[PDB]
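A.B. asks: Sequence first, structure after; it's an experimental one.
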Amino acid sequence: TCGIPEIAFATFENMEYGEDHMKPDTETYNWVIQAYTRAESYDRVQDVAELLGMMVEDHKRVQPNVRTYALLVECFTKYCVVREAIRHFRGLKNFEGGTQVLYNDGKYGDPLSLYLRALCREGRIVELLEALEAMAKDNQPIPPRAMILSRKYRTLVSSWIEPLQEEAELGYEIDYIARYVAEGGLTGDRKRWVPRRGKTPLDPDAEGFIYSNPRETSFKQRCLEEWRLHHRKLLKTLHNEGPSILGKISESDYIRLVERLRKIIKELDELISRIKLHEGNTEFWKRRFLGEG
Amino acid sequence: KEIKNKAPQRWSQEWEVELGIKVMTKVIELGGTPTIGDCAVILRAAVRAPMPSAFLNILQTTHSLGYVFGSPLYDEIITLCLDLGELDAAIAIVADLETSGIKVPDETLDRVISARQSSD
Amino acid sequence: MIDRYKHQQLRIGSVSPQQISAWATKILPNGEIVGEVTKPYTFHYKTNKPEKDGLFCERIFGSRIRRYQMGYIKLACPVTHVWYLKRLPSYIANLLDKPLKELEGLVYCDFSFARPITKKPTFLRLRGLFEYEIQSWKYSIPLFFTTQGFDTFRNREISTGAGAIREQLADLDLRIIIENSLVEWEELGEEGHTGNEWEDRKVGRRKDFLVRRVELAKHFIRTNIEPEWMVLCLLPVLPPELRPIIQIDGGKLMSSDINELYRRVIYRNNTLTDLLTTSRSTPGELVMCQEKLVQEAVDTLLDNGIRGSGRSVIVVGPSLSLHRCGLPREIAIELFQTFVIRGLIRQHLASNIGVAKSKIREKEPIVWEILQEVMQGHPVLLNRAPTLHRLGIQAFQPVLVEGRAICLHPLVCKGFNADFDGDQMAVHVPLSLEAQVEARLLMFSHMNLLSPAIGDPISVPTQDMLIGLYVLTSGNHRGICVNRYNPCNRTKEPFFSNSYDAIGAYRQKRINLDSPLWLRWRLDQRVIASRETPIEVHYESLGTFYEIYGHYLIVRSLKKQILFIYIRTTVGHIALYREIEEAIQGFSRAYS
Amino acid sequence: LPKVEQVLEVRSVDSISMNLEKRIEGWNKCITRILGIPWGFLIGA
Ligand SMILES: [Mg+2]
């Protein structure tokens, strides 16, 4: 809780490279991850990854708990790394009451709100649906960070739609004076969307994020991006490790397949269907390393 | 391993509205209240791609939440319901409109009544 | 075992135009703000007095407070750091997305930007990155609105000089720059437009510049260092004592090149501010030329600021031990003057420092006695001038010797790379208790005898010692060189019962050093020889047989009993064995 | 001494030995071909 992660990393080094009775445990890794996550000095995003690499010690009973997954989700969301945030949020969901621990009473940036907004901005709404239906099961209300844009239509149900930064037709004309009176004005202070010189987050949704909010993309863009990336890794696998296949019509099949796949990224469909990509299976790579595969 | 190696699903507007209706109903169940534009945009998306299967619920949720849209937009939906030949959906729409209490313009009212009598 | 956990963090950063004032601005009794240099001349001619508001002036520069106090000079026109722009890594060019050519032009030549600062609504649609010449109606547009009405808005669109770069770096949105750079990096390299080497090489250079820009922009978001501080709105001044200044006598000025550069830049700056204060309707050419002149001057100044024991011969002392060293009298007194003065003032025979110094200069026996009593057990450090080896710095115990040369041990001299020429030796004396304990327990010669390379003894016998040992253990002739005719046709020295008797007979000059003899060995059974069977075995009838070997004789009785053992050797081998054994035994006895 | 200085401060990997350069340029290619998983990068490194 000091703010300098080095004073905690020194203790962690004293514990890790010491005797057996002073070896660290899950709580020690959690404290050091918290010290490196909630700092206010520099990047500290590679240190957390190195520490999580050190935390891969199966035989030392170093297993993660709810707080470990919560801190990892928070750290990877605050640095705009969502493809690991969702991976760790799944494990946090496997435990009971993980969403309550992730929402640490709204004390530090409301990590649950930041995670929901990160899922909303990038348009990965299938993940958001899981993240939403995992909340009412644990009886967790929505945090007050339901930030609306200057155009009063921005919510978790608006970004993924095709029109972006566009008001929706609601029949009667927009009551600009009524919106001005309701949001503020005539008393106190109003959030004035005026650029300034100081390096302060202008948009109110970039309050918790370290650098800035992730790039705003609708669901169609994300779907086409994941489709083209799937086809790109398929062609990359078939290029080097896919010279031979079960079909013996390669002379006329490969010439068509290469051009089809290169034109898709920028009825002969089953030939690509049975193409099986071996990714994430450690047994396959172990067999290939042993010399069998 | 079960999800990482499965090929993704292609994009479609019907899938978009099918996920949007469930997202909005679960965020309402969770304790969140979307604004008028939040449902206006999903209504626009639902009327872009013809799908009158959810036209009743997308407005029943809005008029149960406590928000009402403008009059010049409740007629385009009811005339597109007849444009593609979905008269039962139009009957359901006028039924829930009478149940809610919104005043439909008399011109489109007699238009949909004539369409009904043509279907009757 | 918990460590002590010492934490020291030395932080570096670029100063701000506000923090620079916290160094030179000081308080005064009347309350007037001081710290600025406004006069070019620092000293008065033929007076040797510091001129007011100069370089070596007083009350803003001036005795360690004068060495630590600094000054500050305000500049009318902003200038830019030397290594932030001209160098190959151009951080400003990487932050402004513009090649070096135009910016160099803005800074040095006269070029114009369309709108450097974008924070207020602008109505002058220029869309010009760099204008080589001015073709606009500068006279009609300025005289149209109102006098002084053109000045209040000209800085938003028409900005020339380092102030334009400062205003451009000031209002730079560092959160959208990374977004645009990342989207450009994603768009680039995906089209797949091949070609020659000039194509992909340029593509790689562009993407490397883009990645470097992203890395530079991500730091400023979380480092509290603002990017508009790269230009020098205010210039620091080096303290006077850090600059070369010995004294001022009869108008003498010890100013160096940096001092004359500072004089030039302050002269040009005050002339520039006087020209600006005199008339504002002057020609732009002369004022822009002068501003360039000051800028190039301050750039050259910053570049110049960036770019800018008594040794005595050693002799060999054979009588000295391994730890003692011979220290000359004059060097010893010059080293321990402080200790001997303390000893004089401590007990008696001294009442003041002057009387003690006069007594020490008088060369009295009492001062030498006190010097010996002080240096009795005080360790001293000796270090050669060339410290090639790791054992070049050793500690010794000084012994008062007469002469002008330091006496050292032959083994240490051989281990310290002794030369034929006079090798200078530096003598250092520790003061604190910790230094003395470290020198007595770690740096002594008897604790460092193995070289750290592989572990071989660094202290080995020298040339003369090896020659002596070889002459001792060499022996003499054994065959045709000692006897003329064959011994088959026809006694040695008597059987010496002890080696003491052999050495006594050798000292009495009754046997030669090479004369063989028989030494009765006290059946130690450590018979050193080679795998060679005896030459003859005289097995008598009673049962006691003599086994005659090449170097010894074993007389064995019938029932397997070693009666007598005699060794045939010379006096050198037994002398060496006896001296080593007696050294070991004397060490073991003196230990108790 | 020049040999030590040029083998310590390596100007290029083929300067000390062409066999090492050939072996490295074979290792990287054959380990990008097979074992595309990060384990391949790890074992190649
Ligand atoms: Mg020499």
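C.D. replies: Good, I have the coordinates. Residues are numbered from 1 along each chain as shown, chains lettered A, B, ... in the order given.

A.B. asks: residues contacting the most centrally placed residue in chain B?
C.D. replies: Here the mean C-alpha position of chain B is nearest to the C-alpha of residue B:55 (CA atoms, centre = their mean), at a distance of 2.6 Å. Residue B:55 makes contacts with B:46, B:77, B:81, B:89, B:93, as judged by CB atoms under 8 Å, 6 or more residues apart in numbering or on different chains. Where C-beta positions appear, they are placed from N, C-alpha and C, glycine not excepted.

A.B. asks: what's the nearest residue to residue 14 if we skip its chain neighbours?
C.D. replies: Because you didn't say which chain, this covers chain A. Excluding its sequence neighbours, the residue lying closest to residue A:14 (CB to CB, 6 or more residues apart in numbering or on different chains) is residue C:3, at 5.8 Å.

A.B. asks: The intended chain is chain D.
C.D. replies: Closest to residue D:14 by CB to CB, 6+ apart is residue D:21, at 3.7 Å.

A.B. asks: Verify the contact between that neighbour and residue D:28 for me.
C.D. replies: No - using CB atoms under 8 Å, residue D:21 is not in contact with residue D:28, being 11.1 Å away.

A.B. asks: From residue B:21, how far off is residue B:88?
C.D. replies: Distance from residue B:88 to residue B:21, counting by CB to CB, to the nearest Å: 19 Å.

A.B. asks: whoops, I mixed them up, residue D:23
C.D. replies: The spacing between residue D:23 and residue B:21, counted by CB to CB, is 61 Å.

A.B. asks: okay, those two: which has more neighbours?
C.D. replies: More neighbours surround residue B:21 than the other of residue D:23 and residue B:21, with 18 against 12 (other CB atoms under 10 Å in any protein chain shown).

A.B. asks: Now do the contacts for that one.
C.D. replies: B:42, B:54, B:57, B:58 are the contacts of residue B:21 under CB under 8 Å, 6+ apart.

A.B. asks: go on, residue A:159?
C.D. replies: Counting by CB under 8 Å, 6+ apart, residue A:159 touches A:120, A:121, A:123, A:216, A:218.

A.B. asks: cool, residue C:411 as well?
C.D. replies: Counted by CB under 8 Å, 6+ apart, residue C:411 has contacts C:322, C:459, C:460, C:461, C:462.

A.B. asks: Could you count how many residues lie near residue 14?
C.D. replies: You didn't say which chain, so I picked chain A. Counted with other CB under 10 Å, residues neighbouring residue A:14 total 15.

A.B. asks: um, chain C though
C.D. replies: Residue C:14 has 12 nearby residues by other CB under 10 Å.

A.B. asks: And residue A:15, by the same measure?
C.D. replies: 15.

A.B. asks: Which of the contacts of residue A:159 fall in strands?
C.D. replies: Counting by DSSP state E, no part of those is found in strands.

A.B. asks: could these be laid out in JSON lines, adding distance to chain B?
C.D. replies: Listed next are the contacts of residue A:159 as JSON lines, based on distance: CB to the nearest CB, whole Å:
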{"residue": "A:120", "distance to chain B": "10"}
{"residue": "A:121", "distance to chain B": "15"}
{"residue": "A:123", "distance to chain B": "11"}
{"residue": "A:216", "distance to chain B": "15"}
{"residue": "A:218", "distance to chain B": "9"}
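
A.B. asks: for the residues you listed, which one is nearest residue C:295?
C.D. replies: Proximity to residue C:295 was ranked across the contacts of residue A:159 by CB to CB; first place goes to residue A:216, at 43.4 Å.

A.B. asks: can you tell me how far that closest one sits from chain D?
C.D. replies: Distance, residue A:216 to chain D, using CB to the nearest CB, to the nearest Å: 31 Å.

A.B. asks: in the longest helix along chain D, what counts as buried?
C.D. replies: Ordering each helix of chain D by length in residues (DSSP state H) puts helix D:18-33 first. In terms of neighbour count (16 or more other CB atoms under 10 Å in any protein chain shown), helix D:18-33 has its buried residues at residue D:31.

A.B. asks: Endpoint to endpoint, stretch A:146-153 covers what distance?
C.D. replies: By CA to CA, to the nearest Å, the extent of stretch A:146-153 from end to end equals 11 Å.

A.B. asks: List the neighbours of that stretch that are in contact with it.
C.D. replies: Applying CB under 8 Å, 6+ apart, the contact partners of stretch A:146-153 are A:117, A:154-156, A:165-168, A:179, A:183, A:193, A:204-205, B:32, B:35, B:37-38, B:40-41.

A.B. asks: The contacts of residue C:411 also near the ion: which ones?
C.D. replies: The subset of the contacts of residue C:411 within reach of the ion, by CB under 5 Å from the ion, is empty.

A.B. asks: The longest helix belonging to chain A - contacts with which helices or strands?
C.D. replies: If you go by DSSP H, chain A has its longest helix at helix A:219-240. When contacts are defined as 3 or more CB pairs under 8 Å, 6 or more residues apart in numbering or on different chains; DSSP states H and E, helix A:219-240 packs onto helix A:250-264.

A.B. asks: related to what we said a few turns ago, how close does the residue nearest to residue A:14 sit to residue A:55?
C.D. replies: From residue C:3 to residue A:55 the distance is 22 Å (CB to CB).

A.B. asks: In chain A, which residue sits nearest chain B?
C.D. replies: residue A:171 (1.1 Å; CB to the nearest CB).

A.B. asks: For residue A:99, list the residues it contacts.
C.D. replies: Residue A:99 sits next to A:92, A:93, A:112, A:134, A:135, A:138, A:140 when contact means CB under 8 Å, 6+ apart.

A.B. asks: for it, helix, strand, or coil?
C.D. replies: helix (DSSP: H, G, I helix; E, B strand; the rest coil).

A.B. asks: from the contacts of residue A:99, which is closest to chain C?
C.D. replies: For those, the minimum distance to chain C (CB to the nearest CB) is 23.2 Å, reached by residue A:112.

A.B. asks: Could you pick out the longest helix of chain B?
C.D. replies: Criterion DSSP H: the longest helix present in chain B is helix B:13-30.

A.B. asks: between the helix or strand following that one and helix B:13-30, how big is the angle?
C.D. replies: Sequence-wise, the next helix or strand downstream of helix B:13-30 (DSSP states H and E) is helix B:36-48. Between helix B:36-48 and helix B:13-30, the angle comes out at 150 degrees (axes from the mean of the first three to the mean of the last three CA atoms, to 10 degrees).

A.B. asks: Only the buried residues of helix B:36-48, if you could.
C.D. replies: Within helix B:36-48, the residues scored as buried using 16+ other CB under 10 Å are B:36, B:37, B:38, B:39, B:40, B:41, B:42, B:43, B:44, B:45, B:46, B:47.

A.B. asks: now those residues as CSV including distance to residue C:116?
C.D. replies: What follows is the buried residues of helix B:36-48, written out as CSV (distance: CB to CB, whole Å):
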residue, distance to residue C:116
B:36, 43
B:37, 39
B:38, 41
B:39, 46
B:40, 42
B:41, 40
B:42, 45
B:43, 47
B:44, 42
B:45, 44
B:46, 49
B:47, 48
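
A.B. asks: out of those residues, which one sits closest to residue A:70?
C.D. replies: Nearest to residue A:70, judged by CB to CB, of those is residue B:38 at 29.2 Å.

A.B. asks: right, and that closest one touches residue B:27 too?
C.D. replies: No - with contacts counted by CB under 8 Å, residue B:38 stays clear of residue B:27, the gap being 9.4 Å.

A.B. asks: these two touch, right, residue C:233 and residue C:16?
C.D. replies: No - counting by CB under 8 Å, residue C:233 stays clear of residue C:16, with 9.5 Å between them.

A.B. asks: In terms of helix, strand or coil, where does residue C:553 fall?
C.D. replies: Under three-state DSSP, residue C:553 falls in the strand class.
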